[PDB]
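Reviewing the structure listed below.
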Amino acid sequence: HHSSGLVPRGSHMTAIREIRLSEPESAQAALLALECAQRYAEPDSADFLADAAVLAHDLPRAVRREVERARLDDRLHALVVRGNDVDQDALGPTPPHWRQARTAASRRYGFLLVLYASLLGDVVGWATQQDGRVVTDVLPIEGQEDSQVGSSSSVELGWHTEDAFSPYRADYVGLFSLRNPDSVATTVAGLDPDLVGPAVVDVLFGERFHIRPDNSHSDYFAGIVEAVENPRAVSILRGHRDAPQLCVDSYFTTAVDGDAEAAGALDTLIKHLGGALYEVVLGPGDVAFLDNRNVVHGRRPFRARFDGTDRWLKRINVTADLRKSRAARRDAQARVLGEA
Amino acid sequence: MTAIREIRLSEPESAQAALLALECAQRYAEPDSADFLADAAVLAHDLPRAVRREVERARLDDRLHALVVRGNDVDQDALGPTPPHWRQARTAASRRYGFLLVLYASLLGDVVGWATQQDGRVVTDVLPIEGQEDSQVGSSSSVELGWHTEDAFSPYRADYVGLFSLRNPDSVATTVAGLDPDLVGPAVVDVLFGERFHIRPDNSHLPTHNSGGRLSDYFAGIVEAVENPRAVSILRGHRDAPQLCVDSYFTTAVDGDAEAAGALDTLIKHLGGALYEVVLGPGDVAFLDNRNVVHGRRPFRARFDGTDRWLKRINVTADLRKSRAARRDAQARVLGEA
Ligand SMILES: O=C(O)CCC(=O)C(=O)O
Ligand SMILES: O=C(O)CCC(=O)C(=O)O
Ligand SMILES: [Fe+3]
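Taken in order, these protein sequences are the chains called B and A. Counted the way the deposited numbering counts, the first sequence spans residues -11 to 205, 216 to 338. In this text, residue positions in the second sequence follow the deposited numbering: the first is 1, and each later residue adds one.
Rendered as structure tokens:
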């Protein structure tokens, strides 16, 4: 049976918006994805992406109503849609590297992730991330266990706003779980301004910080070297005091040189978000969209087997405003930030 | 060549759009009722598929001038006379066209209004008013409405302006112009990219074009933008596809910037000449890409007998979230209530 509900975290009453698909809704979504996989080259080929926002309207109406409520909820942490069909037998083993992960068997899940994502905005990728793929792959890679990348395992992926340094950072990060046998969690935290000193909040609204590109990062790539060496003074909080946006990276954010008050406010915020971290576990066929304007995210330490049974998610970036990044894209329809 | 994208509705597609608009009119009070606007994006998806396909092509075309949907059903007899003032233009009979404008608009983005335009109505009215003939507002007639980016002064200016023509018996043209950067050359383009201009609010944001009972403080932001305009660019984004932000009556170069004043002078003559006509007949709805084109309206003689030209107008944003600092609360659509 279909159900939807609001799951609170701390004082965030609509932190998590959860939708459970009925079996007919799951079947309808799967049929649409399979039809797209029959009619279009790739989940992020130009032919499909030109049509993606119209085809997304063919998803179940009850689900579209709930996704639309999430899209306009400026206090959302995560929209979670549970109960999509994943045929584990037909999917086959978890690939050993993202370079081997754009498989024929998994295409239908890429298509479905783009269809859900296109209800929230327009899908984008990054030239420096998994060869500029829009639908990317999150799976453990042997040798990457202790790194601060999505392919890590043994070491906690430190929490951050996705692409925090960038004015073109996504509005949503989408995750479609294909398999997660050991129930490994995405970590999530938002700011509760009622748990932080108003003076600290005032400081975080100041353009008193440097957010440098993470290592996962030419007119465009000139700005990337400049962002490292001569970072612009930016705020961590922006917008309305009642609904501030958050932009911070637990490993790549500093106060401006000599701004001790700003250094203090930043470490107060880092301790607050560290303490407020909670978890979202996506079983097979569960999809989450994190509101990247409101939450930082990471991933818990876990034990990868590297035997083809490991955790595997499809991942996507979504923007509310594709047009605003045109200076960083190759042409009108191209979705790859930093391609030209 | 596809700067103007036209969809002519078949009778069935027109019928389907009308039935959806009437279903909305039966359910909700106003075409900008909060409950309707919450539901609008999903209801918009019930518009004809062929129409949604062409609107989506328009939405992602970053060189679009206007999407024009021709041949919506307008029952002229049932609509009754053109109101003599926008304040009186929220008529029972015209509600269905307000709802339909929002449904089309909600395929392109989220609808917004302004605290300082027609009392913060999201669906506004464009009709001639006695005493406004020679003004630079939408209710003018005798004097050409000078071309402009809608709300050029504001960082929260719309991505699309929607115009639903209810009535246009004398085929009065909307005017449109984009910038071809190649046709003006990289020298002027480089100047127009500089934060070297002042863009002040147009006269529609003044207390004289709102109800007298509206709070003085709604206008504080507008008056500040008139007295002390920020230094801003006219062009932004990619050199291959730059966005345009300029107003023929309210844009100046910053004091002492002779090179900027020259570049502005060149741009005005370029846009003024290329300025071309789109006639919206009854049932025609246009969405102007406000990032790409300035627009205006040709001069005409109003009859003031209830038969005059009448458009419904709406502002559309690609990104409602970005203006949250200027809105009362999450769902509120009226810019400048904060
Ligand atoms: O593995 C996860 O659950 C989250 C992935 C992630 O943090 C990321 O790639 O952005
Ligand atoms: O009357 C027209 O066609 C244009 C109206 C307009 O430019 C406006 O009201 O903003
Ligand atoms: Fe206008």
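Here a beta-carbon is modelled for each residue, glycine too, at the ideal position from N, C-alpha and C.
Own chain partners of residue i with C-beta closer than 7 Å, once the 5 adjacent residues on each side are dropped
| i | result |
| --- | --- |
| B:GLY(-2) | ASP180 and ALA274 |
| B:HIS85 | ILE129 |
| A:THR149 | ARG157, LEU244, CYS245, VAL246, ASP247, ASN290 and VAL294 |
| A:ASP119 | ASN210, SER211 and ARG214 |
| B:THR2 | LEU(-6), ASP61, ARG63 and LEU64 |
| A:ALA38 | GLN331 |
| A:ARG87 | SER211 |
| A:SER14 | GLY71, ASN72 and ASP73 |
| residue 339 of chain A | Shown here, chain A extends from 1 to 338; a query on residue 339 of chain A therefore has no answer. |
For residue i: DSSP bridge partner residues
| i | result |
| --- | --- |
| A:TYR276 | A:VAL176 |
| A:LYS312 | A:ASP125 and A:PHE164 |
| A:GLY146 | In the DSSP output, where bridge partners are listed per residue, A:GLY146 has none listed. |
| B:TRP114 | B:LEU335 |
| A:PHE197 | A:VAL232 and A:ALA253 |
| A:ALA66 | A:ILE4 and A:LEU288 |
| A:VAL294 | A:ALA177 |
| A:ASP247 | A:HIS148 |
| B:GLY(-7) | B:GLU6 |
| A:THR317 | A:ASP110 |
Cβ-Cβ distance between residue i and residue j below 8 Å
| i | j | result |
| --- | --- | --- |
| A:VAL189 | A:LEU264 | no |
| B:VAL285 | B:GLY162 | yes |
| A:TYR218 | A:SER323 | no |
| A:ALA177 | A:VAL293 | yes |
| A:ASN290 | A:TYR160 | yes |
| B:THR116 | B:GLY306 | no |
| B:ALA17 | B:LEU145 | no |
| A:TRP310 | A:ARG167 | yes |
| A:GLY138 | A:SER211 | no |
| A:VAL143 | A:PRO31 | no |
| A:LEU64 | A:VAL55 | no |
| A:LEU107 | B:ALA330 | no |
| A:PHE250 | A:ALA325 | no |
| A:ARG121 | A:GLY109 | no |
| A:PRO299 | A:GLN76 | no |
| A:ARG321 | B:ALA41 | no |
| B:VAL51 | B:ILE7 | yes |
| A:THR175 | A:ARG297 | yes |
| B:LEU280 | B:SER165 | yes |
Contacts around residue i, its chain only, beta-carbon distance under 8 Å, and the 5 residues preceding and following it disregarded
| i | result |
| --- | --- |
| A:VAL226 | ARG200 and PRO201 |
| residue 349 of chain A | No answer is possible for residue 349 of chain A: it lies beyond the span of chain A, which begins at 1 and ends at 338. |
| B:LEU267 | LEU179, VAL184, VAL188, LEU192, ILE234 and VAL246 |
| B:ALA231 | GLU195, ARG196, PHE197, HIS198 and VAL254 |
| A:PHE304 | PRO84, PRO128 and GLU130 |
Under 8 Å from the C-beta of residue i: neighbouring residues of chain B
| i | result |
| --- | --- |
| A:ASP35 | Correct list: empty, because the minimum Cβ distance to chain B is about 12 Å. |
| A:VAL137 | None at all; the shortest Cβ gap to chain B is about 28 Å. |
| A:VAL42 | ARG49, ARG52, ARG53 and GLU56 |
| A:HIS45 | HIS45 and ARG52 |
| A:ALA338 | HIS238 |
7 Å Cβ cut-off: residues of chain B touching residue i
| i | result |
| --- | --- |
| A:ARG324 | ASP62, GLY237, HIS238 and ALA241 |
| A:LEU179 | Per Cβ cutoff of 7 Å: no residues; A:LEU179 is ~15 Å from chain B at best. |
| A:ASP319 | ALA318 and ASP319 |
| A:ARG291 | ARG321 |
Cβ neighbours of residue i in the same chain (closer than 6 Å, five flanking residues each side left out)
| i | result |
| --- | --- |
| A:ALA89 | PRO83 and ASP125 |
| A:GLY98 | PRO31, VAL123 and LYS312 |
| A:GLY237 | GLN243 |
| A:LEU9 | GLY71 |
| A:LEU20 | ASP46 |
| B:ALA34 | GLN331 |
Contact list for residue i against chain A, beta-carbon separation under 8 Å
| i | result |
| --- | --- |
| B:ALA330 | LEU60, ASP61, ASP62, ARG63 and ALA241 |
| B:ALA38 | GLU56, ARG57 and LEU60 |
Interface partners of residue i on chain A, CB under 7 Å
| i | result |
| --- | --- |
| B:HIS270 | Those within 7 Å of B:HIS270 in chain A number zero; the least Cβ separation is about 22 Å. |
| B:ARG313 | Neighbours of B:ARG313 on chain A: none; closest Cβ ~22 Å, over 7 Å. |
Contact test: residue i Cβ vs ligand 4 heavy atom, cutoff 7 Å
| i | result |
| --- | --- |
| A:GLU133 | Ligand 4 is absent from the structure shown, which contains only ligand 1, ligand 2 and ligand 3. |
Practice prompt. Determine contact between the stretch 309 to 316 of chain A and the stretch 45 to 53 of chain A, defined as no fewer than three beta-carbon pairs at a distance below 8 Å.
Written response: no
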